[PDB]
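Read through the structure below, which is laid out as structure tokens, and then see the notes.
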Amino acid sequence: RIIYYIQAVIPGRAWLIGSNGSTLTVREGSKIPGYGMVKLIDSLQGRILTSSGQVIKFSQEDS
Amino acid sequence: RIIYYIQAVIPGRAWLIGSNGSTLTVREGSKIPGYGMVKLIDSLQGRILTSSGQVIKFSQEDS
Amino acid sequence: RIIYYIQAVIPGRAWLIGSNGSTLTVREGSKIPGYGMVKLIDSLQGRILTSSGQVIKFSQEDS
Amino acid sequence: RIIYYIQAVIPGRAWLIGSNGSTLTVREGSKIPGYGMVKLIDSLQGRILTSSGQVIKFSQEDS
Amino acid sequence: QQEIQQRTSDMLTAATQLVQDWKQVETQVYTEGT
Amino acid sequence: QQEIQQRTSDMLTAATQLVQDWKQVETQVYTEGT
Amino acid sequence: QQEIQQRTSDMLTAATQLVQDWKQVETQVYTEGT
Amino acid sequence: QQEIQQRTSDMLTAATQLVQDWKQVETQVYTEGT
Amino acid sequence: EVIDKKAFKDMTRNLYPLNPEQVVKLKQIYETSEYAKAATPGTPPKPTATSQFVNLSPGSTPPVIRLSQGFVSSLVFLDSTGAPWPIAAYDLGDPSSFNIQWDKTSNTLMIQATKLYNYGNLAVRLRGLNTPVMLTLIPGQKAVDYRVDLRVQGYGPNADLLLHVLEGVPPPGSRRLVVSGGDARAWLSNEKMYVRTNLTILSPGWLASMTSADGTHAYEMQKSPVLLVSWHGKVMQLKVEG
Amino acid sequence: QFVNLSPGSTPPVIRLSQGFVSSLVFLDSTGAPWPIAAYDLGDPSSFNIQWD
């Protein structure tokens with residue numbers, strides 16, 4: 001499928017680049033396509049929570 | 001096998017040049033090809049340790 | 001064989017010139033070709049010690 | 001044999017010339033052909049003490 | 001109970017400094033190239 | 001007893017100087033040529 | 001006992017000198033000819 | 001034993017006298033002709 | 001008689017209150033203090049270079065640029081075809097946090113930030129491009145982008161993939177293969193075998209090939225599991241996977 | 001060292017020392033000399049530059 005990778009993130013707003021490369025600007029309240037609902041956003045610690053319990057972090061090759 | 005050598009070492013980021021001469025930068029928690037995972041970085045005294053137990057140093061002659 | 005002599009001696013790094021005219025510099029920890037391994041460098045009294053029990057001083061005409 | 005006459009008398013160094021006109025400068029620890037080695041250097045009276053037991057001096061006329 | 005006095009003093013200096021820090025705002029800058 | 005406050009004062013002075021030194025950062029410079 | 005202070009104050013003065021001595025570094029000269 | 005301090009001060013003045021002579025030295029001068 | 005020696009020793013103590021060992025130790029302490037001062041918490045961001053195509057759609061997500069305080073970043077802007085696109089004008093907001101260095105005619109700009117965690121916005125207008133381009137910039141991310149290349153949708157003032165293949169840059173969509181018995185580069189991006197070497201291929205035969213000044217060859221061909229390579233006057237055979 | 005400008009590549013790293021001169025003369029891929037247009041230096045408070 002398509003995996004979204006964190007590119008830019010701060011408190012409030014989070015910009016995620018998918019595996020396809022598409023950029024998506026989202027907030028805490030927003031339904032992530034193909035994953036559910038963004039449960040929690042944390043700029044530090046590289047943690048994003050999905051309604052399905054998925055943990056999402058920054059892209060590995062770009063650290 | 002390709003052997004990487006420490007080129008620039010500072011706290012946080014460590015520069016490694018491989019046997020072929022490819023230069024990259026790494027963090028503490030990261031995966032190193034041909035070696036495994038960086039389980040410890042020692043900015044002092046220029047020693048790098050791998051989760052497979054290998055020890056990474058500078059070029060002995062070029063030092 | 002080829003004999004080395006002190007040319008530029010400071011604490012830490014020491015400059016050695018061989019009988020062939022090849023001039024280089026080494027540190028405390030370095031395998032000296034022909035002699036073996038450097039075990040002690042003293043900027044005073046012009047003494048360089050090798051693990052092989054070989055001692056290098058300045059040349060009699062060059063000191 | 002060859003007889004040497006001192007030229008410059010200072011602590012540390014000592015310039016001298018031989019009977020044939022050969023000229024050199026020697027330190028305290030130095031090698032002198034035909035006279036062994038300079039065992040002791042005295043700035044007083046322009047005397048050089050050799051390991052051969054000889055006392056090299058300035059020439060009477062060449063003074 | 002006297003700790004309020006030093007609590008009054010130290011917090012006052014920061015807060016009075018702090019409030020205007022968010023207040024002042026700079027303006028734009030237009031650059032033309034030819 | 002008094003050593004606590006004395007070293008508090010001198011450490012505070014040193015730390016204030018250090019943070020002041022950390023605060024300022026200069027700018028970049030362009031350099032052209034012909 | 002009290003002799004420490006003078007034996008410490010003096011070296012402190014010289015200590016201020018030495019760190020200052022290592023502090024300053026000059027700059028290279030872009031010497032050119034023709 | 002009371003003379004030691006005087007016996008110390010004079011040589012201290014003598015000591016600083018020589019060091020300023022030790023450290024200070026003037027550079028070269030170059031002459032050129034056509 | 002020992003009065004002179006006592007006076008000399010106390011005078012020496014007054015003159016030099018510090019032993020050479022103490023001097024060396026305190027110098028080392030000062031150097032370590034300097035190291036501690038220069039030490040930076042966390043981890044430094046990774047120096048990176050990026051290239052991206054800006055979508056000028058009304059619903060398109062505005063481009064975002066990573067930054068860091070006290071560092072210089074280069075921003076170069078080319079058209080869709082990659083031709084250089086000189087800039088006409090630009091507009092900056094919040095000038096205190098960001099300093100702009102810009103030559104009059106260059107299509108590339110140098111920018112340094114000043115504060116740590118204050119994001120901003122920037123506007124650009126090109127020579128022929130009527131529609132202004134607006135971007136957002138966020139400082140202090142996990143990585144530092146030294147160079148950012150941006151493609152514009154429209155045709156630039158001026159106007160290849162195989163050349164970049166020859167250079168070493170893979171075309172987008174490439175998937176790795178397995179080549180055994182030979183030291184050649186083989187890539188598959190659009191069901192076309194791109195093969196880079198310095199030798200010559202004999203039996204399969206190419207439909208298009210490129211060469212470099214230094215002497216590197218790169219051929220594009222259809223899928224063939226077996227290859228014949230000629231070098232040093234002798235021809236041998238090798239095989240590939242997929 | 002050979003410099004590659006691909007996005008995944010890494011910037012060239014140059015080792016320095018305080019009070020010591022570090023030299024860099026620009027040569028092309030062939031190694032032939034290549035003149036420099038200009039440059040820009042961040043924070044000259046830690047570095048000194050001399051250029052023609």
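Every chain in the structure tokens takes a letter, A first, then B, and so on in the order presented; its residues are numbered from 1, and the ligands are numbered from 1 following the presented order.
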
Selection: 9 Å around residue I:94, only C-alpha atoms, excl. self and same-chain fewer than 4 positions, as a ChimeraX atom specification: /E:25-29 /I:98,120-121

Output N, CA and C atoms for every residue in the selection just made, as a PDB file, in the first residue's frame.
```pdb
ATOM      1  N   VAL E  25       5.440  42.987  16.953  1.00  0.00           N
ATOM      2  CA  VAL E  25       5.436  42.239  15.701  1.00  0.00           C
ATOM      3  C   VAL E  25       6.027  43.123  14.614  1.00  0.00           C
ATOM      4  N   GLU E  26       6.923  42.555  13.814  1.00  0.00           N
ATOM      5  CA  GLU E  26       7.538  43.283  12.717  1.00  0.00           C
ATOM      6  C   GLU E  26       6.635  43.247  11.486  1.00  0.00           C
ATOM      7  N   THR E  27       7.048  43.956  10.439  1.00  0.00           N
ATOM      8  CA  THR E  27       6.257  44.107   9.230  1.00  0.00           C
ATOM      9  C   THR E  27       6.940  43.409   8.057  1.00  0.00           C
ATOM     10  N   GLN E  28       6.355  43.561   6.872  1.00  0.00           N
ATOM     11  CA  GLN E  28       6.835  42.899   5.671  1.00  0.00           C
ATOM     12  C   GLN E  28       8.086  43.584   5.128  1.00  0.00           C
ATOM     13  N   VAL E  29       8.644  42.987   4.076  1.00  0.00           N
ATOM     14  CA  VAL E  29       9.734  43.589   3.317  1.00  0.00           C
ATOM     15  C   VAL E  29       9.617  43.162   1.860  1.00  0.00           C
TER      16      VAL E  29
ATOM     17  N   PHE I  98      14.783  35.662   9.555  1.00  0.00           N
ATOM     18  CA  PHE I  98      15.358  35.120   8.331  1.00  0.00           C
ATOM     19  C   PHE I  98      16.016  36.225   7.520  1.00  0.00           C
ATOM     20  N   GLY I 120       7.781  30.616   8.959  1.00  0.00           N
ATOM     21  CA  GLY I 120       7.477  31.775   8.145  1.00  0.00           C
ATOM     22  C   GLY I 120       6.951  31.385   6.779  1.00  0.00           C
ATOM     23  N   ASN I 121       6.680  32.408   5.974  1.00  0.00           N
ATOM     24  CA  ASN I 121       6.180  32.241   4.618  1.00  0.00           C
ATOM     25  C   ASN I 121       6.987  33.122   3.676  1.00  0.00           C
TER      26      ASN I 121
END
```

Taking only C-alpha atoms into account and nothing else, which residues of chain J lie no more than 7 Å away from chain I? Please answer as an MDAnalysis selection string. chainID J and resid 6:8 10 42

Could you state the separation of atom CA of residue J:21 and atom CA of residue C:26 in Å, given to one decimal place?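 Between atom CA of residue J:21 and atom CA of residue C:26 the gap works out to 21.2 Å.
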
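Here atom CA of residue A:51 is placed at a distance of 26.8 Å from atom CA of residue I:62.
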
After fit on chain C (all C-alpha, ordered pairs), chain D as an mmCIF file with N, CA, C and O atoms, in the first residue's frame:
```
data_model
loop_
_atom_site.group_PDB
_atom_site.id
_atom_site.type_symbol
_atom_site.label_atom_id
_atom_site.label_comp_id
_atom_site.auth_asym_id
_atom_site.auth_seq_id
_atom_site.Cartn_x
_atom_site.Cartn_y
_atom_site.Cartn_z
ATOM 1 N N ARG D 1 69.182 -2.789 6.437
ATOM 2 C CA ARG D 1 67.991 -2.147 6.981
ATOM 3 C C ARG D 1 67.925 -0.669 6.620
ATOM 4 O O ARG D 1 68.757 -0.162 5.868
ATOM 5 N N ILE D 2 66.925 0.018 7.168
ATOM 6 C CA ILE D 2 66.736 1.449 6.964
ATOM 7 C C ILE D 2 66.701 2.118 8.331
ATOM 8 O O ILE D 2 66.003 1.652 9.238
ATOM 9 N N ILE D 3 67.459 3.200 8.479
ATOM 10 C CA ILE D 3 67.613 3.895 9.749
ATOM 11 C C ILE D 3 66.923 5.246 9.647
ATOM 12 O O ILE D 3 67.141 5.989 8.683
ATOM 13 N N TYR D 4 66.098 5.560 10.639
ATOM 14 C CA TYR D 4 65.324 6.791 10.659
ATOM 15 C C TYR D 4 65.903 7.751 11.688
ATOM 16 O O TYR D 4 66.373 7.332 12.749
ATOM 17 N N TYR D 5 65.873 9.041 11.366
ATOM 18 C CA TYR D 5 66.336 10.087 12.266
ATOM 19 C C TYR D 5 65.196 11.063 12.504
ATOM 20 O O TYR D 5 64.523 11.480 11.556
ATOM 21 N N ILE D 6 64.982 11.422 13.770
ATOM 22 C CA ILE D 6 63.874 12.299 14.119
ATOM 23 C C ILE D 6 64.159 13.712 13.625
ATOM 24 O O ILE D 6 65.317 14.125 13.479
ATOM 25 N N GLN D 7 63.092 14.457 13.341
ATOM 26 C CA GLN D 7 63.204 15.828 12.859
ATOM 27 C C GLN D 7 62.568 16.835 13.800
ATOM 28 O O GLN D 7 63.224 17.807 14.194
ATOM 29 N N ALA D 8 61.307 16.636 14.173
ATOM 30 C CA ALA D 8 60.592 17.543 15.059
ATOM 31 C C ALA D 8 60.196 16.799 16.323
ATOM 32 O O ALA D 8 59.540 15.753 16.253
ATOM 33 N N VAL D 9 60.586 17.338 17.474
ATOM 34 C CA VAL D 9 60.299 16.726 18.765
ATOM 35 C C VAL D 9 59.267 17.590 19.476
ATOM 36 O O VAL D 9 59.563 18.710 19.910
ATOM 37 N N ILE D 10 58.048 17.071 19.586
ATOM 38 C CA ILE D 10 56.976 17.712 20.344
ATOM 39 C C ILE D 10 56.148 16.632 21.017
ATOM 40 O O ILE D 10 56.153 15.469 20.594
ATOM 41 N N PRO D 11 55.449 16.981 22.092
ATOM 42 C CA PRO D 11 54.437 16.062 22.618
ATOM 43 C C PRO D 11 53.362 15.808 21.573
ATOM 44 O O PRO D 11 52.968 16.708 20.828
ATOM 45 N N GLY D 12 52.895 14.566 21.514
ATOM 46 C CA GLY D 12 51.858 14.210 20.568
ATOM 47 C C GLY D 12 52.381 13.727 19.231
ATOM 48 O O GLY D 12 52.140 12.580 18.844
ATOM 49 N N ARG D 13 53.097 14.585 18.512
ATOM 50 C CA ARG D 13 53.585 14.269 17.179
ATOM 51 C C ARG D 13 55.103 14.169 17.191
ATOM 52 O O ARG D 13 55.772 14.604 18.130
ATOM 53 N N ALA D 14 55.649 13.592 16.124
ATOM 54 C CA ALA D 14 57.098 13.477 15.988
ATOM 55 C C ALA D 14 57.419 13.299 14.513
ATOM 56 O O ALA D 14 57.074 12.268 13.929
ATOM 57 N N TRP D 15 58.061 14.298 13.916
ATOM 58 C CA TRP D 15 58.506 14.204 12.535
ATOM 59 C C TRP D 15 59.896 13.592 12.480
ATOM 60 O O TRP D 15 60.742 13.856 13.339
ATOM 61 N N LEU D 16 60.124 12.768 11.462
ATOM 62 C CA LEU D 16 61.372 12.037 11.336
ATOM 63 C C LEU D 16 61.641 11.764 9.867
ATOM 64 O O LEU D 16 60.730 11.777 9.033
ATOM 65 N N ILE D 17 62.911 11.524 9.557
ATOM 66 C CA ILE D 17 63.332 11.153 8.215
ATOM 67 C C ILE D 17 64.205 9.910 8.315
ATOM 68 O O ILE D 17 64.847 9.658 9.339
ATOM 69 N N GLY D 18 64.210 9.116 7.243
ATOM 70 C CA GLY D 18 65.007 7.912 7.191
ATOM 71 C C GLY D 18 66.366 8.141 6.554
ATOM 72 O O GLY D 18 66.700 9.229 6.088
ATOM 73 N N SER D 19 67.167 7.072 6.545
ATOM 74 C CA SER D 19 68.473 7.135 5.899
ATOM 75 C C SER D 19 68.333 7.388 4.405
ATOM 76 O O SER D 19 69.086 8.181 3.827
ATOM 77 N N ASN D 20 67.370 6.728 3.762
ATOM 78 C CA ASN D 20 67.112 6.945 2.346
ATOM 79 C C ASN D 20 66.460 8.289 2.063
ATOM 80 O O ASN D 20 66.344 8.667 0.893
ATOM 81 N N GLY D 21 66.032 9.014 3.094
ATOM 82 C CA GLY D 21 65.334 10.268 2.918
ATOM 83 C C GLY D 21 63.833 10.189 3.061
ATOM 84 O O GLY D 21 63.162 11.221 2.942
ATOM 85 N N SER D 22 63.283 9.002 3.303
ATOM 86 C CA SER D 22 61.853 8.872 3.544
ATOM 87 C C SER D 22 61.470 9.634 4.805
ATOM 88 O O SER D 22 62.125 9.504 5.842
ATOM 89 N N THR D 23 60.401 10.420 4.717
ATOM 90 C CA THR D 23 59.985 11.309 5.791
ATOM 91 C C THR D 23 58.577 10.949 6.244
ATOM 92 O O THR D 23 57.721 10.601 5.425
ATOM 93 N N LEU D 24 58.344 11.030 7.552
ATOM 94 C CA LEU D 24 57.040 10.708 8.110
ATOM 95 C C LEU D 24 56.856 11.470 9.415
ATOM 96 O O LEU D 24 57.778 12.110 9.923
ATOM 97 N N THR D 25 55.635 11.418 9.938
ATOM 98 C CA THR D 25 55.317 11.940 11.256
ATOM 99 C C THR D 25 54.443 10.930 11.982
ATOM 100 O O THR D 25 53.494 10.389 11.408
ATOM 101 N N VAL D 26 54.768 10.678 13.245
ATOM 102 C CA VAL D 26 54.134 9.612 14.007
ATOM 103 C C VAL D 26 53.594 10.165 15.317
ATOM 104 O O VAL D 26 54.087 11.165 15.848
ATOM 105 N N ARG D 27 52.562 9.502 15.829
ATOM 106 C CA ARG D 27 51.995 9.794 17.131
ATOM 107 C C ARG D 27 52.469 8.747 18.136
ATOM 108 O O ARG D 27 53.329 7.913 17.844
ATOM 109 N N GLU D 28 51.899 8.798 19.341
ATOM 110 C CA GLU D 28 52.254 7.814 20.359
ATOM 111 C C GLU D 28 51.858 6.409 19.925
ATOM 112 O O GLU D 28 52.685 5.489 19.937
ATOM 113 N N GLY D 29 50.601 6.222 19.533
ATOM 114 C CA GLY D 29 50.183 4.950 18.984
ATOM 115 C C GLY D 29 50.342 4.935 17.480
ATOM 116 O O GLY D 29 49.459 5.394 16.752
ATOM 117 N N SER D 30 51.457 4.393 17.001
ATOM 118 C CA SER D 30 51.774 4.460 15.583
ATOM 119 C C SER D 30 52.623 3.256 15.210
ATOM 120 O O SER D 30 53.235 2.615 16.066
ATOM 121 N N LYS D 31 52.655 2.965 13.913
ATOM 122 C CA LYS D 31 53.362 1.812 13.380
ATOM 123 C C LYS D 31 54.571 2.281 12.583
ATOM 124 O O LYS D 31 54.449 3.151 11.713
ATOM 125 N N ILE D 32 55.730 1.707 12.881
ATOM 126 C CA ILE D 32 56.982 2.041 12.217
ATOM 127 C C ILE D 32 57.546 0.764 11.602
ATOM 128 O O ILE D 32 57.867 -0.182 12.328
ATOM 129 N N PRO D 33 57.668 0.677 10.278
ATOM 130 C CA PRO D 33 58.222 -0.540 9.672
ATOM 131 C C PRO D 33 59.655 -0.785 10.118
ATOM 132 O O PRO D 33 60.450 0.146 10.264
ATOM 133 N N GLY D 34 59.978 -2.058 10.337
ATOM 134 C CA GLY D 34 61.305 -2.456 10.755
ATOM 135 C C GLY D 34 61.634 -2.187 12.205
ATOM 136 O O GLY D 34 62.625 -2.730 12.707
ATOM 137 N N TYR D 35 60.845 -1.364 12.895
ATOM 138 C CA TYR D 35 61.056 -1.088 14.306
ATOM 139 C C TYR D 35 59.851 -1.443 15.162
ATOM 140 O O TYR D 35 59.806 -1.048 16.332
ATOM 141 N N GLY D 36 58.884 -2.158 14.623
ATOM 142 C CA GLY D 36 57.682 -2.510 15.371
ATOM 143 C C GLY D 36 56.738 -1.320 15.482
ATOM 144 O O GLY D 36 56.250 -0.822 14.475
ATOM 145 N N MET D 37 56.485 -0.880 16.712
ATOM 146 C CA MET D 37 55.649 0.284 16.955
ATOM 147 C C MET D 37 56.281 1.120 18.055
ATOM 148 O O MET D 37 57.044 0.614 18.880
ATOM 149 N N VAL D 38 55.960 2.411 18.056
ATOM 150 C CA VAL D 38 56.513 3.333 19.043
ATOM 151 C C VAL D 38 55.797 3.093 20.366
ATOM 152 O O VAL D 38 54.653 3.514 20.552
ATOM 153 N N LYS D 39 56.470 2.409 21.291
ATOM 154 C CA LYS D 39 55.860 2.098 22.576
ATOM 155 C C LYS D 39 55.793 3.302 23.507
ATOM 156 O O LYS D 39 54.899 3.357 24.357
ATOM 157 N N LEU D 40 56.707 4.260 23.369
ATOM 158 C CA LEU D 40 56.719 5.423 24.244
ATOM 159 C C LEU D 40 57.448 6.564 23.551
ATOM 160 O O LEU D 40 58.464 6.345 22.887
ATOM 161 N N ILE D 41 56.926 7.777 23.715
ATOM 162 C CA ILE D 41 57.496 8.982 23.123
ATOM 163 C C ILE D 41 57.978 9.888 24.245
ATOM 164 O O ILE D 41 57.212 10.214 25.159
ATOM 165 N N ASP D 42 59.242 10.298 24.171
ATOM 166 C CA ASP D 42 59.830 11.217 25.134
ATOM 167 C C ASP D 42 60.275 12.482 24.416
ATOM 168 O O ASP D 42 61.037 12.414 23.446
ATOM 169 N N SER D 43 59.801 13.632 24.898
ATOM 170 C CA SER D 43 60.268 14.904 24.362
ATOM 171 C C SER D 43 61.671 15.238 24.839
ATOM 172 O O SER D 43 62.321 16.111 24.255
ATOM 173 N N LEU D 44 62.147 14.568 25.883
ATOM 174 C CA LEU D 44 63.468 14.838 26.427
ATOM 175 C C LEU D 44 64.527 14.115 25.605
ATOM 176 O O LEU D 44 64.383 12.927 25.300
ATOM 177 N N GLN D 45 65.581 14.841 25.237
ATOM 178 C CA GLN D 45 66.732 14.336 24.490
ATOM 179 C C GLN D 45 66.378 13.857 23.086
ATOM 180 O O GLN D 45 67.240 13.299 22.395
ATOM 181 N N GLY D 46 65.142 14.061 22.635
ATOM 182 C CA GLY D 46 64.759 13.650 21.298
ATOM 183 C C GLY D 46 64.859 12.157 21.061
ATOM 184 O O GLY D 46 65.458 11.718 20.077
ATOM 185 N N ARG D 47 64.292 11.366 21.966
ATOM 186 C CA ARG D 47 64.352 9.915 21.891
ATOM 187 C C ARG D 47 62.966 9.338 21.641
ATOM 188 O O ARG D 47 61.982 9.770 22.250
ATOM 189 N N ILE D 48 62.896 8.365 20.738
ATOM 190 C CA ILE D 48 61.662 7.647 20.436
ATOM 191 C C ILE D 48 61.889 6.178 20.761
ATOM 192 O O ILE D 48 62.832 5.564 20.250
ATOM 193 N N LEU D 49 61.024 5.614 21.598
ATOM 194 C CA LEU D 49 61.161 4.240 22.063
ATOM 195 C C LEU D 49 60.242 3.341 21.246
ATOM 196 O O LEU D 49 59.021 3.539 21.240
ATOM 197 N N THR D 50 60.822 2.357 20.566
ATOM 198 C CA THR D 50 60.064 1.461 19.706
ATOM 199 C C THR D 50 59.807 0.133 20.407
ATOM 200 O O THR D 50 60.529 -0.265 21.324
ATOM 201 N N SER D 51 58.756 -0.556 19.955
ATOM 202 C CA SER D 51 58.465 -1.889 20.468
ATOM 203 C C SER D 51 59.570 -2.883 20.139
ATOM 204 O O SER D 51 59.664 -3.927 20.793
ATOM 205 N N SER D 52 60.403 -2.581 19.145
ATOM 206 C CA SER D 52 61.570 -3.396 18.837
ATOM 207 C C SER D 52 62.699 -3.207 19.839
ATOM 208 O O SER D 52 63.781 -3.771 19.641
ATOM 209 N N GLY D 53 62.480 -2.428 20.896
ATOM 210 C CA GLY D 53 63.511 -2.143 21.869
ATOM 211 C C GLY D 53 64.520 -1.105 21.440
ATOM 212 O O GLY D 53 65.501 -0.883 22.160
ATOM 213 N N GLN D 54 64.317 -0.466 20.293
ATOM 214 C CA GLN D 54 65.280 0.492 19.779
ATOM 215 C C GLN D 54 64.912 1.909 20.201
ATOM 216 O O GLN D 54 63.746 2.225 20.470
ATOM 217 N N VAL D 55 65.926 2.761 20.277
ATOM 218 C CA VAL D 55 65.764 4.153 20.695
ATOM 219 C C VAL D 55 66.217 5.019 19.524
ATOM 220 O O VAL D 55 67.408 5.290 19.346
ATOM 221 N N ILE D 56 65.256 5.459 18.713
ATOM 222 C CA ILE D 56 65.560 6.342 17.595
ATOM 223 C C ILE D 56 65.933 7.717 18.130
ATOM 224 O O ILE D 56 65.242 8.274 18.993
ATOM 225 N N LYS D 57 67.034 8.265 17.621
ATOM 226 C CA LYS D 57 67.585 9.533 18.076
ATOM 227 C C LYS D 57 67.885 10.416 16.872
ATOM 228 O O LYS D 57 67.765 9.997 15.716
ATOM 229 N N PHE D 58 68.275 11.655 17.155
ATOM 230 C CA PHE D 58 68.786 12.536 16.117
ATOM 231 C C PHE D 58 70.194 12.117 15.716
ATOM 232 O O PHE D 58 70.987 11.654 16.541
ATOM 233 N N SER D 59 70.500 12.279 14.433
ATOM 234 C CA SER D 59 71.851 12.019 13.957
ATOM 235 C C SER D 59 72.829 12.990 14.608
ATOM 236 O O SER D 59 72.493 14.146 14.879
ATOM 237 N N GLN D 60 74.043 12.506 14.876
ATOM 238 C CA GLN D 60 75.038 13.336 15.546
ATOM 239 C C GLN D 60 75.374 14.571 14.723
ATOM 240 O O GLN D 60 75.321 15.700 15.223
ATOM 241 N N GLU D 61 75.729 14.376 13.451
ATOM 242 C CA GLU D 61 76.013 15.520 12.593
ATOM 243 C C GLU D 61 74.738 16.265 12.224
ATOM 244 O O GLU D 61 74.702 17.500 12.249
ATOM 245 N N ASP D 62 73.679 15.531 11.888
ATOM 246 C CA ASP D 62 72.404 16.137 11.510
ATOM 247 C C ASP D 62 71.622 16.482 12.778
ATOM 248 O O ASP D 62 70.592 15.889 13.107
ATOM 249 N N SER D 63 72.144 17.469 13.497
ATOM 250 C CA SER D 63 71.566 17.879 14.770
ATOM 251 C C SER D 63 71.639 19.391 14.953
ATOM 252 O O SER D 63 71.358 19.908 16.034
#
```

DSSP on the backbone: what in chain H comes out helix (DSSP H, G or I), as a VMD selection string? chain H and resid 4 to 23

Take the residues that were just selected and, keeping N, CA, C and O atoms, output them as a CSV table (one decimal), in the first residue's frame.
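Okay, out.csv is ready:
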```csv
chain,number,residue,atom,x,y,z
H,4,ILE,N,64.9,39.0,55.7
H,4,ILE,CA,64.5,38.1,54.5
H,4,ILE,C,63.6,38.9,53.6
H,4,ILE,O,63.7,38.8,52.4
H,5,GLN,N,62.6,39.5,54.2
H,5,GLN,CA,61.6,40.2,53.3
H,5,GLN,C,62.2,41.3,52.5
H,5,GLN,O,61.9,41.4,51.3
H,6,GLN,N,63.1,42.1,53.1
H,6,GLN,CA,63.9,43.0,52.3
H,6,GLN,C,64.8,42.2,51.3
H,6,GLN,O,64.9,42.5,50.1
H,7,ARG,N,65.4,41.1,51.8
H,7,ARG,CA,66.2,40.3,50.9
H,7,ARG,C,65.4,39.6,49.9
H,7,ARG,O,66.0,39.1,48.9
H,8,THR,N,64.1,39.6,50.0
H,8,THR,CA,63.2,39.1,49.0
H,8,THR,C,62.7,40.1,48.0
H,8,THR,O,62.7,39.9,46.8
H,9,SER,N,62.4,41.3,48.5
H,9,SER,CA,61.8,42.4,47.7
H,9,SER,C,62.8,42.8,46.7
H,9,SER,O,62.5,43.0,45.5
H,10,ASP,N,64.1,43.0,47.1
H,10,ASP,CA,65.1,43.5,46.1
H,10,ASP,C,65.3,42.6,45.0
H,10,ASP,O,65.4,43.0,43.8
H,11,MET,N,65.5,41.3,45.2
H,11,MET,CA,65.6,40.3,44.2
H,11,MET,C,64.4,40.2,43.3
H,11,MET,O,64.5,40.0,42.1
H,12,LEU,N,63.2,40.4,43.9
H,12,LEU,CA,62.0,40.4,43.1
H,12,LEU,C,62.0,41.6,42.1
H,12,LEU,O,61.6,41.4,41.0
H,13,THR,N,62.4,42.8,42.6
H,13,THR,CA,62.6,43.9,41.6
H,13,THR,C,63.7,43.5,40.6
H,13,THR,O,63.6,43.8,39.4
H,14,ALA,N,64.8,42.8,41.1
H,14,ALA,CA,65.8,42.4,40.2
H,14,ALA,C,65.2,41.3,39.2
H,14,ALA,O,65.5,41.3,38.0
H,15,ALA,N,64.4,40.4,39.7
H,15,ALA,CA,63.8,39.4,38.9
H,15,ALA,C,63.0,40.0,37.8
H,15,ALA,O,63.2,39.6,36.6
H,16,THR,N,62.0,40.8,38.1
H,16,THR,CA,61.2,41.4,37.1
H,16,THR,C,62.0,42.3,36.2
H,16,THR,O,61.6,42.5,35.0
H,17,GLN,N,63.1,42.8,36.7
H,17,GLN,CA,64.0,43.6,35.8
H,17,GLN,C,64.5,42.8,34.7
H,17,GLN,O,64.6,43.3,33.5
H,18,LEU,N,65.0,41.6,34.9
H,18,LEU,CA,65.6,40.7,33.9
H,18,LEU,C,64.5,40.2,32.9
H,18,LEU,O,64.8,40.1,31.7
H,19,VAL,N,63.3,39.8,33.4
H,19,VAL,CA,62.4,39.2,32.6
H,19,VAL,C,61.9,40.1,31.5
H,19,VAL,O,61.8,39.7,30.3
H,20,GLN,N,61.7,41.4,31.8
H,20,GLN,CA,61.3,42.4,30.8
H,20,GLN,C,62.5,42.5,29.8
H,20,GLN,O,62.2,42.9,28.6
H,21,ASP,N,63.7,42.3,30.2
H,21,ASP,CA,64.8,42.2,29.3
H,21,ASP,C,64.9,40.9,28.6
H,21,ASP,O,65.3,40.8,27.4
H,22,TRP,N,64.4,39.8,29.2
H,22,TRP,CA,64.3,38.5,28.6
H,22,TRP,C,63.3,38.5,27.4
H,22,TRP,O,63.6,38.1,26.3
H,23,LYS,N,62.1,39.0,27.7
H,23,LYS,CA,61.0,38.8,26.8
H,23,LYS,C,61.2,39.8,25.6
H,23,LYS,O,61.0,39.4,24.4
```

Just how far from atom CA of residue I:235 is atom CA of residue I:192, in Å to one decimal?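 According to the coordinates, atom CA of residue I:192 and atom CA of residue I:235 are separated by 24.2 Å.
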
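By only C-alpha atoms, and with residues fewer than 6 positions from residue J:39 along its chain excluded, the set lying at most 9 Å from it is residues 29, 30, 31, 32 and 33 of chain F.
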
What are the residues of chain J that have an atom within 9 Å of an atom of chain G, counting only C-alpha atoms, as a ChimeraX atom specification? /J:18-21,48-51

Write out as a ChimeraX atom specification all residues of chain A that backbone DSSP assigns to strand (DSSP E). /A:4-9,14-18,23-26,31-32,36-42,47-50,55-56

Using only C-alpha atoms, find the residues of chain I whose closest atom to chain H is at most 12 Å away, then write them as a PyMOL selection string. chain I and resi 1-16

Exercise: residue E:34 partners within 8 Å, only C-alpha atoms, chain neighbours under 5 positions left out, as a PyMOL selection string: chain I and resi 88-89+104-105
